[PDB]
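In: No sequence on hand, only this structure:
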C-alpha cells in the first residue's frame, strides 16, 4: 500500500544520508592523515616553521572546502528525496500542509547540523594551526608535535561523527512523525 511505500521512501532517504555521511567522515579522516604525514616529512627534514605552517594552512583550507562541498551534496540530495515523497503524498490529499511542513522541518534540521559541522571544522582547523605554530615557536620535538596534531585531528573527526549521528537520529524521529501524519490522511 501507499503508506508502506512512503515508509520505504523515508527509509531510503535516511540510508542515503547515512551513506554520504560515512563517506564524508572517511574523506575527512584521510585528508587529516595526509596533512599530518606532510608535517612529519617536513620535521624529519628539519624544515623551518614558516614552510611548515604554509603547507598546513593550505591543507586545512582544502579540507574545509571539501567539507563544504560534501555538505552541499547531502542537502541537495535530501531535498530531492523529500520532494519525491511530497509528490507521492499528493495522491493522498490536496494541499497536505502538515506533511509539507514536517518535511520542511526535516530538511531544516539536516541543514542546521551541516552548517554547524562546517562552522566547527573551520574553527577547529584554525586552532590546530595556531597550536602548531606555538609548538614550533617553543621548540617542541617532532614526537610531541605529531602526537598533538593527531589528537587534534581526531577531535575534529569526532565532532563530525557526533553531528552525523545527531542528524541520523533526528531524521528517523522525524520520519516516524511524518508517516503518522501521512496515515492520518487516509480513511480510517
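Out: Sure thing, it's come through. Numbers count the residues shown, from 1 in each chain.
In: When you work out contacts or count neighbours from here on, use the C-alpha atoms and nothing else.
Out: OK.
In: next one: stretch 175-188 to chain centre, how far?
Out: Taking CA atoms, centre = their mean, to the nearest Å, one finds stretch 175-188 lying 30 Å from the centre of the chain it belongs to.
In: if we look at that stretch, which residues are touching it?
Out: The set of residues external to stretch 175-188 that reach it, using CA atoms under 8 Å, 6 or more residues apart in numbering, is 3, 6, 7, 10, 89, 92, 93, 98, 99, 102, 103, 106.
In: Over to stretch 6-20?
Out: Residues beyond stretch 6-20 that count as contacts (CA under 8 Å, 6+ apart) turn out to be 74, 78, 81-82, 85, 88-89, 164, 168, 171-172, 175, 179.
In: buried subset of these?
Out: If you count burial by 16 or more other CA atoms under 10 Å, the buried members of the contacts of stretch 6-20 come out as 74, 78, 81-82, 85, 88-89, 164, 168, 171-172, 175, 179.
In: Just the ones of the contacts of stretch 6-20 in helices?
Out: With helices identified by DSSP state H, the entries of the contacts of stretch 6-20 that belong to them are 74, 78, 81-82, 85, 88-89, 164, 168, 171-172, 175, 179.
In: State the number of residues packed around the nearest residue to residue 124 once chain neighbours are set aside.
Out: Closest residue to residue 124 apart from its sequence neighbours, by CA to CA, 6 or more residues apart in numbering: residue 156 at 6.7 Å. By other CA atoms under 10 Å, the residues close to residue 156 number 23.
In: if I look at residue 156, how far off is residue 97?
Out: Taking CA to CA, to the nearest Å as the measure, residue 156 falls 39 Å from residue 97.
In: How about residue 175?
Out: Counting by CA to CA, the gap between residue 175 and residue 97 amounts to 16 Å.
In: what do you get for residue 157?
Out: Noted for residue 157: a distance of 38 Å to residue 97, by CA to CA.
In: Tell me which of the two has more neighbours.
Out: When residue 157 and residue 97 are compared for neighbours, residue 157 comes out ahead with 17 against 10, by other CA under 10 Å.
In: which stretch of helix or strand covers that one?
Out: In the assignment (DSSP states H and E), residue 157 maps to helix 142-184.
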